[PDB]
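Take a look at the letters that make up each chain.
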Amino acid sequence: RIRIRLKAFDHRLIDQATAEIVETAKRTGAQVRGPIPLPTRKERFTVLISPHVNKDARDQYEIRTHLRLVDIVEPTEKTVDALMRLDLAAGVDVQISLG
Amino acid sequence: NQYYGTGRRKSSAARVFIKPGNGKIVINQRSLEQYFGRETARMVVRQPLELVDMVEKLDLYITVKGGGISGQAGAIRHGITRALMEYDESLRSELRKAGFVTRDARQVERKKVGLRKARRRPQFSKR
Amino acid sequence: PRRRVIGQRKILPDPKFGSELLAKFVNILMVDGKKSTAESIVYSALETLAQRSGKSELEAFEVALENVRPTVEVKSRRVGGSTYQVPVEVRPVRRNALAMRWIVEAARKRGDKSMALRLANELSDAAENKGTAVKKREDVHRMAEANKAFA
Amino acid sequence: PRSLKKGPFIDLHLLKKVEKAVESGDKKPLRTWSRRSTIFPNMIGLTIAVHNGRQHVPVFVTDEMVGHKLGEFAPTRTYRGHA
Amino acid sequence: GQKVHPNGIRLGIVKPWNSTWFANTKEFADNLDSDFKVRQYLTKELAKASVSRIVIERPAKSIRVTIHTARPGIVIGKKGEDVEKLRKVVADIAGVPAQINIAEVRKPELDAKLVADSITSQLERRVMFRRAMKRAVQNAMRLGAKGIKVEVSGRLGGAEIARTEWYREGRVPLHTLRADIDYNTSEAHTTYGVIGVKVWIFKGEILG
Amino acid sequence: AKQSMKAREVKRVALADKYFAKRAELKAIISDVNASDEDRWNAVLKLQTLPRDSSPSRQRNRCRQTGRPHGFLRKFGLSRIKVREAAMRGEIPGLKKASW
RNA sequence: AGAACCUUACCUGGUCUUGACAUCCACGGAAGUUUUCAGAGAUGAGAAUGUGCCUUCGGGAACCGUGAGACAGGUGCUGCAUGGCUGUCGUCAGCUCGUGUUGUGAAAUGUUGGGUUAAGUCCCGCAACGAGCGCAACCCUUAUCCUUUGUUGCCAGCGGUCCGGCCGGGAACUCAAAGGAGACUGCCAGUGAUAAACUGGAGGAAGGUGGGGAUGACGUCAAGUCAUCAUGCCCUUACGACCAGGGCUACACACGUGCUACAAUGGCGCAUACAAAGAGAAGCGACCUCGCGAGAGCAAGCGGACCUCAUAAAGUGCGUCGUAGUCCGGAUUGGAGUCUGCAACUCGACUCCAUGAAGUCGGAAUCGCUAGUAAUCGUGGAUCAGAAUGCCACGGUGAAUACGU
């Protein structure tokens, strides 16, 4: 089975990507597993915002890396190649792994 | 046939199932006395049942995750209450009166930059 | 505070006897949020006390409390140049609390070994009308009496 | 202290110098900066002027000084008294 | 240093990001560095061309730049002569295949950054700062800004004691997150010192 | 930071890049309990001979824009101050002010 | 958001001077690759390979070498020349403007007054009428529900069992995200000026801004920062650059902020339960073997809801100690060692064995906190080779009190 790990910072974008991937899968092949949402990584950062000194003065940023696990149960001739061909929107790291 | 209610309190998440029976309580494949060493916890889990005389009438299977002991107990109680509500739907008023239907929304307040804790400010001095 | 009075928060009764007062006492006793240990101690105190005086566990405790409750306490107004301590009739909710607190203090003070034992001893003293808490109460009363002119 | 498996530490150059001295049989003081160098059995008898940051201070090596380092016998700070 | 940055507070809601790519902790810093480089280069090059926003977007080991500029004609030059030239240098800077797109900025009086730049330029060529500010404000208003604020600070008219002056017109709500507040800044490196120019331009509120 | 400092850092990095294979090998040799004493000694001495700037524990992480040694962040390769600026500008992808 | 070296800006010596870092020509050499002796090292002297993209051949672009200067360089001075960024009063409810009107005018009015509010919040009046910046709302998070999607997450009901959700499976529940619903004084009664509101109650997971965060008006302090950065006199064979060692860790003393204690609500021993949130490829490192232990060896699983860090601790049960400077307390020092690292002397952390200071709740005075708060208990992260009792995060247990001004 082809497991697909979509990773992105924007959630909407990721969602869009996932849908597209599903569409790509579903026309060619059959029995797409589904878009399973894994836990989001909220990598936080604190920094001092003064140039020199004021320690209680701080900004707390974060990067929300979202995960989408799409799986394809039956890899056909037409489907996998189609998937390979299909480039998704920018800012969405997709990894594809069969078996 | 088994009825159900979800329990939640602090970071605990109880899964209470109500069935008709003799009144044996199992929490994560352990007895009430085994799982909760604390008397208070036991009391809290039995409270709703005590309030509405169905201690002997119904068995309940529970599995709980997260939080500590007291929190877990609270969650369990909540779950039980929910189950009761589902099952009878005419005991609601009593439950409300008791204060068990209410999800206790008190979470731990986050630590805040500047402060040592949620509210403890560090030691001040003019000089 | 200035703006708004607020409703006192809900307190659960203790599992052994099913009492609010007892629970409150236990809470008062407690330190570092170690409630369980404190409650155990309280229970121990009760049991010993019960053994000593007969009666029940709860009833005896109540009796003990009764001998250390203050009718009247004082407060500092200080409107003049020098300070005037003024007596005030201390309300039902507060009086009960105060007695408990005093008892706890006495227990803490006491030279006996285990905490629970000390507590029990204190309770016994209260029941009999000697000891530390009782003395404190008397002092409080005495002060009020002295300053009865102010009202 | 240093691990036993690693052995003792001595600066290579210093060691070489010591060897040379031994070969010669001379007793002119060897000025050295390697304060971190451990003293060796063969160094006994030699005067070796160890740097203290500022100046080279002469250290006549003895049987008792072997396990120690050269910087131990060349104090850097110079405190007499507050009054 | 009272105020929060108006762009920065709104990135999740009404404002988008400039650099728009994903990368793991391994390659992220490098990517950032690359972005910084390319942007810097672009600024250096297209100073005379009125450039507002460089948007970098790298999918599949290939960098896509998008230059928002008021006058494409100067940035493009002859059709695909200057752009092409830019591209190879961009690629070199990155170390990947480059692709430059050029968005045409409609209404450069309403683009805040551009306005700021203009103001700075004016300052440099020794105009009355106040008159410049007025012009900036007025023009934006004319163009259909719901509001605009501009602020200039330090060594104004070469005066020994530095001060800040600012002109607002219309409404410029900063606490309101849903407000499209185009904020940007610039610096006039005059004979007496630097003169910092801030400008806020309120396009309107977004409803979603 | 100064230019000079930056240059030094760069040099150090270069050295590290150069001498990694050898240094690592030497380290391995030194570690290896199943080995000759003399060999080990040689390795130890060999290491000393190699340049100091060849060590990776010599090089300090500085900001990639300003060269500021302190307040550094690894993910961004930037000092706090610059990082913040980047965030404000929209230049760091995904990064926005966090509240919870 | 981490001084052994580095960092480092300081000291001591040893050295360099178009230079460590750039651009420019001139012309000597392909770059680079390997290795040798002296030196603390910086540097100062040797042996091997190569000639790629193109020439009516006066040669070129990358990358070393030398000399000239143009210049580089400066964590040098001025934050009282500046920008940017920051603190602060203060998340205090304020601060203004246009037009009108009043006053010779500075100014006033609006913005005051009656009520009310967390709020210049809202209503009513009124020479004001309007507007803006702020107080509110929009944003994140947390509390309830629903829909969607179910692996690496889940196990209610089914069969099988090595009694492990592990394996058939199931999509219920938890959980995971994505999208919706929900709270508005909307509904009820009374008080109120026919009001804005207030007081209570009904429902509800939540009630009157539900809890928390982000958000900081005009301005103030010639507040802080020229040593992040940028930027408007001074040094330029040295106030620049390279190096090794030392210092930033000094110690009659005074202050600030913390940790650990002084014990029995405890210490010690044995058993045993319940988290959350994070990090991880020059990385996290199971299992197994060895070591009293720090660790060592071997070495899977894993860019990770999968594997690893990783046993939560307080707690609970049973035993012991019995108020002692103690089986409290752990400083200090001796020995021996482990790991990181070219390198632990100055000056790392941790381990083992020994050693066992002061300290029995602290003078004048002084700080924090109104709830999942304080108090207490552990856990993680950043910087980081190594080096936290600090900082930033996470959950556990969990109070007291608020009469009032």
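Residues numbered from 1 in each chain as written, not as in the entry; some residues may be left out. Chains lettered and ligands numbered in written order. Part of a larger assembly, values for the part shown. Heavy atoms only, no water.

Structure determination for this PDB entry was carried out by cryo-EM, with a resolution of 9.9 Å recorded in the header.

Asker: What is the right way to look at the sheet that holds strand β2 (residues 48-51) of chain D in this model?
Answerer: The strands that make up a sheet are held in pairs by hydrogen bonds between backbone atoms, and each pair lies either parallel or antiparallel. Residues and elements named next belong to chain D. Across the sheet, three strands lie side by side as β1-β2-β3; this open sheet has mixed pairing. Looking at the sheet topology across the chains shown, the edges are occupied by β1 (30-32) and β3 (56-57). Sheet topology note: the β1/β2 ladder contains three bridges and is parallel. In the strand pairing of β2, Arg31 is matched with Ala49. (Pairing = 2+ DSSP bridges. Helix = DSSP H or I, 4+ residues; strand = E, 2+ residues; numbered from the N terminus.)

Asker: Even after reading the chapter, I still don't get the protein's contact with RNA strand G, so can you show me in this structure?
Answerer: Taken together, 180 residues are adjacent to RNA strand G, and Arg3 and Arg58 of chain A, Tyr4 and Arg110 of chain B together with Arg58 of chain F come closest. Expressed as a percentage, the sugar and phosphate content of the atoms of RNA strand G within 4 Å of the protein is 76%. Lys97 of chain F has a polar side-chain atom sitting 2.5 Å from a phosphate oxygen of RNA strand G. Taken together, the residues of the surface near RNA strand G sort by class into 55 nonpolar, 52 polar and 73 charged. (Near = heavy atom within 4 Å. Polar contact = N/O pair within 3.5 Å; in protein donor to acceptor, adjacent residues only side chain to side chain. Nonpolar A, V, L, I, M, F, W, Y, C, P; charged D, E, K, R; others polar.)

Asker: Where do I start with the interface of chain E and chain F in this structure?
Answerer: By a widely used convention, the size of an interface equals the accessible area lost when the partners come together. Counting residues at the interface gives 20 residues for chain E, matched by 18 residues for chain F. For the pair chain E and chain F, the two sides together bury roughly 1,700 Å², of which 60% comes from carbon and sulfur. Taken as a group, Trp17, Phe28 and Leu32 of chain E account for 30% of the area that chain E buries against chain F, more than any other trio of residues on that side. For the interface between chain E and chain F, the tally reads three salt bridges. Note that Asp30 of chain E and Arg64 of chain F form a salt bridge whose closest N and O atoms lie 2.7 Å from each other. (Contact = heavy atoms within 4.5 Å. Buried area = accessible area lost by both parts, 1.4 Å probe. Salt bridge = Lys/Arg side-chain N within 4 Å of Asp/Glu carboxyl O.)

Asker: Explain a nonpolar patch on the surface to me, please; I cannot follow it from the model alone.
Answerer: Residue and element names in this part refer to chain C. Residues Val79, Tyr84 and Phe150 make up a contiguous nonpolar surface patch of roughly 290 Å² in combined accessible area. Among the secondary structure elements, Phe150 is positioned in the segment after α6 (132-146). Residue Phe150 is classed as partly exposed on the basis of its relative accessible area of 32%. (Patch = residues over 30% accessible without salt bridge, like charges linked within 9 Å, V, L, I, M, F, W, Y side chains within 5 Å. Areas by Shrake-Rupley, 256 points an atom, 1.4 Å probe, with all protein chains shown as cover. Buried < 20%, exposed > 50% of the residue type's maximum accessible area, 1.4 Å probe, protein only.)

Asker: Is there a simple way to explain the packing of aromatic side chains in this structure?
Answerer: Any two aromatic rings considered together are summarised by their centre-to-centre distance and by the angle between their planes. One pass over the structure, following the stated rule, counts 13 aromatic pairs over all chains. Across the ring face of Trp100 of chain F, the terminal group of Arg44 of chain A is positioned such that the distance to the ring centre comes to 3.9 Å. Looking at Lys16 of chain C, its charged tip hangs above the ring of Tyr43 of chain C, at a distance of 3.7 Å from the centre. (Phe/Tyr/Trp six-rings, centres within 6.5 Å; stacked < 30°, edge-to-face > 60°. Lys NZ or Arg CZ within 6 Å of the ring centre and 35° of its normal.)

Asker: For this particular structure, what's the right way to read the pattern of salt bridges?
Answerer: A side chain with one charge can pair with a side chain of the opposite charge if their charged atoms come near. Residue and element names in this part refer to chain C. Counted according to the given criterion, the structure contains 50 salt bridges over all chains. For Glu66, the salt bridge goes to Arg69, with nearest N and O atoms at 2.7 Å. As a salt-bridge pair, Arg137 and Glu138 come within 2.8 Å of each other at their nearest N and O atoms. Taking relative accessible area as the criterion, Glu138 reaches 39% and is therefore assigned partly exposed. Taken together, the salt bridges that share partners define one network made up of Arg110, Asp112, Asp125, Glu128 and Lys130.

Asker: Sorry if this is basic, but what is going on with the sheet that holds strand β3 (residues 98-104) of chain E here?
Answerer: Residues and elements named next belong to chain E. Taken in spatial order, the three strands make up an open sheet running β1-β2-β3, and their pairing is mixed. Each edge of the open sheet carries a strand with a single partner, namely β1 (51-57) and β3. Ignoring which end each strand starts from, the neighbouring axes of this sheet average 20 degrees apart. The pairing of β1 with strand β2 (residues 63-69) spans six bridges and is classified as antiparallel. Within the sheet, the bridge partner assigned to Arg53 lies in β2 and is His68. Docked against the sheet, helix α4 (residues 82-94) engages β2 and β3, running at close to 130 degrees with respect to β3. (Axes fitted to C-alpha atoms, helices over the stretch in contact; angles between N-to-C directions.)

Asker: Can you walk me through the interface of chain D and chain F in this structure?
Answerer: If you look at the interface, chain D gives seven residues, while chain F gives six residues. Put simply, chain D and chain F have zero salt bridges between them. Scanning the region where chain D abuts chain F turns up zero residue pairs in polar contact.

Asker: I tried to follow the packing of helix α4 (residues 92-109) of chain C against helix α5 (residues 115-128) of chain C on my own but got confused; where do I start?
Answerer: When two helices pack together, you describe them by how their axes are tilted relative to each other and by the distance separating the axes. Residue and element names in this part refer to chain C. Two elements in contact, α4 and α5, have axes separated by 8 Å at closest approach and are oriented at 125 degrees. With respect to α5, the axis of α4 lies oblique. Note on packing geometry: the crossing formed by α4 with α5 is right-handed. For the pair α4 and α5, contact is made by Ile103, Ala106, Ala107 and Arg108 and by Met115, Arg118, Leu119 and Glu122, respectively. (Parallel < 35°, antiparallel > 145°, perpendicular 65-115°, else oblique. Left-handed = near helix turned anticlockwise from the far one by under 90°.)

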